[PDB]
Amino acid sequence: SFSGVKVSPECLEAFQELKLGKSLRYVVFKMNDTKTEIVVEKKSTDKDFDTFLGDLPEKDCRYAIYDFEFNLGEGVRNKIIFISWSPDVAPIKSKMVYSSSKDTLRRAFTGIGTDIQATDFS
């Protein structure tokens, strides 16, 4: 592809496990040092949203998938959320690299229920 970015096998496996095995609540992904591959930084079974927030970087970008459960009234449901985490304070170079590499990861995952772009401020 143009980006030349590869999605590590672990990324696919973690996503599949979360979707098919329901044995993971969330996964946080990051670019490797050479910016040639997206890898897994963290995976968790913790259902507490605050714990998830605690695993997101304050000064760097990341991507994440979260198995979101909610109740609208017709039966507890869930949606796999694809998240682009790009803090306002993160270096412009990083925001650019992650923005340019996002589609590579996104197109590798099927079954995404909601796409979220989050820009947190200090």
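Quick note: we count residues from 1 along the sequence shown, nothing fancier.
Residue range whose averaged C-alpha B-factor is higher in the record, 73 to 81 or 36 to 44: Result of the comparison: 73 to 81.
Which third of the chain holds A108 when residues are ordered by C-alpha B factor: lowest, middle or highest? CA B-factor rank for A108: highest third.
Please rank the C-alpha B-factors of the chain's modelled residues and tell me whether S8 sits in the lowest, middle or highest third. Middle third by C-alpha B-factor.
Taking the entry's C-alpha B-factors for this chain, is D50 in the lowest, middle or highest third? Tercile = highest for this residue's CA B-factor.
Going by the recorded CA B-factors, say which third of the chain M96 sits in, lowest, middle or highest. For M96, the deposited C-alpha B-factor lands in the middle third.
Compare the C-alpha B factor of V28 with those of the other modelled residues in its chain, then answer lowest, middle or highest third. Its C-alpha B-factor, which the entry lists for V28, ranks in the lowest third among residues of this chain.
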